[PDB]
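A single chain comes next, written as C-alpha coordinates; it is the form deposited in one PDB entry.
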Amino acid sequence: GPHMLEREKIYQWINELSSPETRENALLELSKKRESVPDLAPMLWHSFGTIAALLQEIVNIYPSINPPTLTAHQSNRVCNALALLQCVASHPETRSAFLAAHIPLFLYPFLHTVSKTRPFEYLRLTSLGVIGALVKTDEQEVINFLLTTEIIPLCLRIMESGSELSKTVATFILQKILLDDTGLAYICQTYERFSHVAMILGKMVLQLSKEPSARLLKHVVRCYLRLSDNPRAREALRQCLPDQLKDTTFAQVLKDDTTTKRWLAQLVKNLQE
(Lines give C-alpha, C1' and ligand atoms only; values in the text may rest on other atoms or scores of the structure.)
Protein backbone atom coordinates (compact mmCIF):
# COMPACT_ATOMS: atom_id res chain seq x y z
CA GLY A 1 0.00 0.00 0.00
CA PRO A 2 1.12 3.55 -0.78
CA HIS A 3 1.79 5.92 2.11
CA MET A 4 1.29 9.45 0.78
CA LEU A 5 3.12 12.26 2.50
CA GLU A 6 1.02 14.76 4.43
CA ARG A 7 1.08 17.40 1.68
CA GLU A 8 -0.23 14.86 -0.85
CA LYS A 9 -3.01 13.85 1.57
CA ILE A 10 -4.15 17.45 2.09
CA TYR A 11 -4.25 18.07 -1.66
CA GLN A 12 -6.26 14.86 -2.03
CA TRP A 13 -8.87 16.12 0.44
CA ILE A 14 -8.88 19.49 -1.35
CA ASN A 15 -9.50 17.69 -4.63
CA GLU A 16 -12.26 15.72 -2.89
CA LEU A 17 -14.10 18.99 -2.14
CA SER A 18 -15.17 19.22 -5.80
CA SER A 19 -17.52 16.25 -5.84
CA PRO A 20 -20.59 16.22 -3.53
CA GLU A 21 -20.16 12.50 -2.83
CA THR A 22 -16.77 13.08 -1.17
CA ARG A 23 -17.10 16.72 -0.08
CA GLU A 24 -18.54 16.30 3.42
CA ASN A 25 -15.70 14.04 4.60
CA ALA A 26 -13.06 16.23 2.92
CA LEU A 27 -14.49 19.25 4.77
CA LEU A 28 -14.20 17.36 8.05
CA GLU A 29 -10.59 16.27 7.52
CA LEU A 30 -9.36 19.63 6.22
CA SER A 31 -11.01 21.58 9.04
CA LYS A 32 -9.09 19.45 11.57
CA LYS A 33 -5.78 20.31 9.86
CA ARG A 34 -6.54 24.06 9.80
CA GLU A 35 -4.07 24.65 12.65
CA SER A 36 -1.41 22.19 11.46
CA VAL A 37 -1.10 23.37 7.83
CA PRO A 38 0.16 26.97 7.66
CA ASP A 39 -0.15 27.18 3.85
CA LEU A 40 -3.65 25.65 3.72
CA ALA A 41 -5.28 28.90 2.57
CA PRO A 42 -3.31 29.41 -0.70
CA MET A 43 -3.67 25.66 -1.33
CA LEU A 44 -7.44 26.15 -1.13
CA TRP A 45 -7.59 29.46 -3.00
CA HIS A 46 -5.44 28.41 -5.97
CA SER A 47 -7.24 25.07 -6.43
CA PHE A 48 -9.72 25.02 -9.33
CA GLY A 49 -13.34 25.10 -8.20
CA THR A 50 -12.48 24.80 -4.50
CA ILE A 51 -13.58 28.25 -3.32
CA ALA A 52 -16.72 27.92 -5.45
CA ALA A 53 -17.41 24.58 -3.77
CA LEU A 54 -17.17 26.14 -0.29
CA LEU A 55 -19.51 29.01 -1.19
CA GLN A 56 -21.97 26.47 -2.60
CA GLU A 57 -21.92 24.77 0.81
CA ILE A 58 -22.79 28.09 2.47
CA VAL A 59 -25.60 28.99 0.09
CA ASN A 60 -27.00 25.44 0.21
CA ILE A 61 -28.36 26.11 3.71
CA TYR A 62 -29.91 29.52 2.95
CA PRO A 63 -33.40 27.94 2.57
CA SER A 64 -32.99 26.40 6.05
CA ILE A 65 -32.19 29.81 7.58
CA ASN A 66 -35.51 31.59 6.94
CA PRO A 67 -37.82 30.06 8.11
CA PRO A 68 -35.44 28.57 10.72
CA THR A 69 -35.17 24.79 10.19
CA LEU A 70 -31.40 24.25 10.34
CA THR A 71 -30.34 20.93 11.86
CA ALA A 72 -27.29 20.18 13.99
CA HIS A 73 -25.85 18.12 11.12
CA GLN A 74 -26.41 20.93 8.60
CA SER A 75 -24.79 23.44 10.94
CA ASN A 76 -21.94 21.01 11.61
CA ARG A 77 -21.17 20.60 7.90
CA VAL A 78 -21.51 24.26 6.93
CA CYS A 79 -19.34 25.37 9.87
CA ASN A 80 -16.60 23.09 8.58
CA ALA A 81 -16.69 25.06 5.32
CA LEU A 82 -16.75 28.30 7.32
CA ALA A 83 -13.62 27.24 9.21
CA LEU A 84 -11.84 26.89 5.87
CA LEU A 85 -13.00 30.38 4.87
CA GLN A 86 -11.64 31.79 8.14
CA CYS A 87 -8.32 30.22 7.19
CA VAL A 88 -8.44 32.05 3.84
CA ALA A 89 -9.55 35.32 5.48
CA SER A 90 -6.54 35.42 7.82
CA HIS A 91 -3.68 34.42 5.41
CA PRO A 92 -1.54 37.19 3.87
CA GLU A 93 -1.45 35.50 0.46
CA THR A 94 -5.26 35.18 0.11
CA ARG A 95 -6.79 37.86 2.37
CA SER A 96 -6.95 40.56 -0.31
CA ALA A 97 -8.45 38.27 -2.97
CA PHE A 98 -10.91 37.06 -0.32
CA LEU A 99 -12.08 40.67 0.09
CA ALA A 100 -12.12 41.38 -3.66
CA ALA A 101 -14.56 38.49 -4.13
CA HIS A 102 -16.75 40.00 -1.36
CA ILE A 103 -16.82 36.62 0.42
CA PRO A 104 -17.81 37.99 3.89
CA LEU A 105 -21.24 38.87 2.46
CA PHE A 106 -22.21 35.22 2.22
CA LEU A 107 -22.07 34.99 6.02
CA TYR A 108 -24.34 37.96 6.75
CA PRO A 109 -27.67 36.04 6.53
CA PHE A 110 -26.28 33.83 9.29
CA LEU A 111 -25.71 36.97 11.38
CA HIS A 112 -29.36 38.03 10.91
CA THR A 113 -30.81 34.90 12.53
CA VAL A 114 -32.20 35.19 16.05
CA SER A 115 -33.09 31.56 16.85
CA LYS A 116 -31.45 30.45 20.09
CA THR A 117 -31.24 26.76 19.16
CA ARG A 118 -27.79 25.20 19.24
CA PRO A 119 -27.50 24.79 15.42
CA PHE A 120 -28.02 28.54 14.91
CA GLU A 121 -25.83 29.68 17.81
CA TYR A 122 -23.03 27.42 16.55
CA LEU A 123 -23.45 28.82 13.04
CA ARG A 124 -23.59 32.42 14.28
CA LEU A 125 -20.49 32.07 16.46
CA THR A 126 -18.52 30.40 13.65
CA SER A 127 -19.52 33.16 11.23
CA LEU A 128 -18.49 35.86 13.71
CA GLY A 129 -15.16 34.04 13.99
CA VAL A 130 -14.54 34.46 10.27
CA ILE A 131 -15.23 38.21 10.44
CA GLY A 132 -13.25 38.49 13.68
CA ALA A 133 -10.18 36.80 12.20
CA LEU A 134 -10.52 39.08 9.16
CA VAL A 135 -10.38 42.33 11.17
CA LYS A 136 -7.67 41.07 13.54
CA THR A 137 -5.10 41.36 10.72
CA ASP A 138 -5.22 45.18 11.12
CA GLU A 139 -5.49 45.83 7.39
CA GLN A 140 -6.99 49.10 6.19
CA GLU A 141 -8.63 47.47 3.17
CA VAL A 142 -10.62 45.12 5.42
CA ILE A 143 -12.30 48.06 7.17
CA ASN A 144 -12.86 49.83 3.84
CA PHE A 145 -14.78 46.84 2.45
CA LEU A 146 -16.77 46.32 5.66
CA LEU A 147 -17.88 49.97 5.65
CA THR A 148 -19.64 49.33 2.33
CA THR A 149 -21.76 46.63 4.00
CA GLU A 150 -24.28 46.49 6.85
CA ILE A 151 -21.71 45.11 9.33
CA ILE A 152 -22.20 47.84 11.95
CA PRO A 153 -26.00 47.44 12.42
CA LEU A 154 -25.48 43.65 12.42
CA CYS A 155 -22.88 43.86 15.21
CA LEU A 156 -25.03 46.28 17.21
CA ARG A 157 -28.01 43.91 17.14
CA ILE A 158 -25.83 41.07 18.45
CA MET A 159 -24.17 43.30 21.05
CA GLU A 160 -27.61 44.17 22.43
CA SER A 161 -29.39 40.80 22.40
CA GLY A 162 -26.85 38.01 21.78
CA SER A 163 -25.16 35.46 23.96
CA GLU A 164 -22.29 36.82 26.04
CA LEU A 165 -19.79 35.16 23.69
CA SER A 166 -21.47 36.50 20.54
CA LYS A 167 -21.56 39.94 22.16
CA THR A 168 -17.81 39.83 22.87
CA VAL A 169 -16.94 39.01 19.24
CA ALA A 170 -19.40 41.54 17.80
CA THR A 171 -17.98 44.24 20.09
CA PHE A 172 -14.45 43.27 19.04
CA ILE A 173 -15.45 43.73 15.39
CA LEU A 174 -16.97 47.15 16.11
CA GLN A 175 -13.82 47.90 18.12
CA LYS A 176 -11.57 47.16 15.13
CA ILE A 177 -13.77 49.30 12.87
CA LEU A 178 -13.62 52.20 15.33
CA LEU A 179 -9.84 51.81 15.69
CA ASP A 180 -9.51 52.53 11.96
CA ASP A 181 -9.52 56.27 11.25
CA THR A 182 -12.10 55.93 8.46
CA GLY A 183 -14.29 53.77 10.68
CA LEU A 184 -14.23 56.30 13.52
CA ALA A 185 -15.15 59.08 11.10
CA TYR A 186 -17.87 56.91 9.55
CA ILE A 187 -19.61 56.17 12.85
CA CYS A 188 -19.20 59.77 14.05
CA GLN A 189 -20.22 61.45 10.78
CA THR A 190 -23.89 61.54 11.80
CA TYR A 191 -25.09 62.17 15.34
CA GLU A 192 -27.78 59.53 14.80
CA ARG A 193 -25.21 56.94 13.75
CA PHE A 194 -23.10 57.82 16.79
CA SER A 195 -26.19 57.89 19.03
CA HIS A 196 -27.10 54.33 18.01
CA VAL A 197 -23.62 53.09 18.98
CA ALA A 198 -23.62 54.99 22.29
CA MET A 199 -27.13 53.91 23.30
CA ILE A 200 -26.24 50.27 22.68
CA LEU A 201 -22.90 50.62 24.46
CA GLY A 202 -24.67 52.28 27.40
CA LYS A 203 -27.14 49.41 27.73
CA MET A 204 -24.32 46.84 27.65
CA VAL A 205 -22.82 48.56 30.70
CA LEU A 206 -26.13 48.17 32.53
CA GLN A 207 -26.06 44.44 31.81
CA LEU A 208 -22.40 44.29 32.86
CA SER A 209 -23.53 45.64 36.24
CA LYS A 210 -25.47 42.36 36.59
CA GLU A 211 -23.27 39.96 34.57
CA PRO A 212 -19.62 40.83 35.35
CA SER A 213 -17.83 39.79 32.14
CA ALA A 214 -14.19 40.89 32.14
CA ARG A 215 -13.68 40.11 28.45
CA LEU A 216 -16.83 41.94 27.34
CA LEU A 217 -16.26 44.97 29.59
CA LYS A 218 -12.70 45.29 28.28
CA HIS A 219 -13.92 45.72 24.70
CA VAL A 220 -16.81 47.99 25.68
CA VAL A 221 -14.39 50.31 27.48
CA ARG A 222 -12.03 50.19 24.49
CA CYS A 223 -14.87 51.26 22.17
CA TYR A 224 -15.65 54.14 24.54
CA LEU A 225 -11.99 55.21 24.65
CA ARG A 226 -11.60 55.23 20.87
CA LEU A 227 -14.88 57.15 20.55
CA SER A 228 -13.35 59.75 22.86
CA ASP A 229 -10.80 60.47 20.12
CA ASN A 230 -13.55 62.09 18.00
CA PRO A 231 -14.47 65.59 19.24
CA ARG A 232 -18.19 65.35 18.43
CA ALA A 233 -18.42 62.00 20.24
CA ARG A 234 -16.19 63.22 23.09
CA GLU A 235 -18.56 66.06 24.00
CA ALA A 236 -21.60 63.77 24.07
CA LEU A 237 -19.92 61.09 26.20
CA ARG A 238 -19.41 63.65 29.00
CA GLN A 239 -23.18 63.50 29.57
CA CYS A 240 -24.27 60.01 28.45
CA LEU A 241 -21.47 57.97 30.02
CA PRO A 242 -23.08 55.42 32.37
CA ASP A 243 -22.52 56.09 36.06
CA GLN A 244 -21.21 52.53 36.52
CA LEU A 245 -18.04 53.51 34.63
CA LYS A 246 -17.43 56.46 36.99
CA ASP A 247 -17.98 54.97 40.46
CA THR A 248 -16.54 51.76 41.93
CA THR A 249 -18.99 49.29 40.35
CA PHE A 250 -16.38 47.38 38.33
CA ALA A 251 -13.62 48.31 40.79
CA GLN A 252 -13.13 44.83 42.26
CA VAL A 253 -13.47 43.26 38.80
CA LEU A 254 -10.90 45.63 37.26
CA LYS A 255 -8.37 45.14 40.08
CA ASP A 256 -7.39 41.91 38.31
CA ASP A 257 -6.63 43.57 34.93
CA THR A 258 -4.54 46.75 34.93
CA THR A 259 -4.77 47.15 31.14
CA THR A 260 -8.51 47.88 31.27
CA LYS A 261 -8.15 50.22 34.27
CA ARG A 262 -5.73 52.48 32.39
CA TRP A 263 -8.17 52.63 29.47
CA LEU A 264 -11.08 53.55 31.74
CA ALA A 265 -8.80 56.03 33.53
CA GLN A 266 -7.70 57.53 30.21
CA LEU A 267 -11.36 57.64 29.14
CA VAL A 268 -12.59 59.69 32.11
CA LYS A 269 -9.56 61.96 31.67
CA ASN A 270 -10.49 62.59 28.02
CA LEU A 271 -13.98 63.61 29.21
CA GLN A 272 -12.74 66.46 31.44
CA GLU A 273 -10.54 68.62 29.15
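Here the rigid core means the biggest group of C-alpha atoms that line up within 1.5 Å when the two forms are laid on top of each other. Each residue number is its position in the shown sequence, starting from 1.
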query: Core-fitted comparison in 8 other deposited structures of this protein, 220 to 228 vs 243 to 251, farther C-alphas; finding: 243 to 251
query: Between 168 to 176 and 115 to 123, larger RMS Cα displacement in 8 other deposited structures of this protein after core fit; finding: 115 to 123
query: Residue stretch of maximal mean CA temperature factor, 32 to 40 vs 236 to 244; finding: 236 to 244
query: Stretch exceeding the other in mean C-alpha B-factor - 162 to 170, 188 to 196; finding: 188 to 196
query: Given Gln56, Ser47, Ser64, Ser213, the residue at which the Cα B factor reaches its maximum; finding: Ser213
query: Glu121, C-alpha B-factor rank within chain (lowest, middle or highest third); finding: lowest
query: Cα B factor band for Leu206 (lowest, middle or highest third within the chain); finding: highest
query: Where the record places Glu273 (Cα B-factor, split into thirds across the chain); finding: highest
query: Ranked against its chain, the third holding the CA B-factor of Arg23; finding: lowest
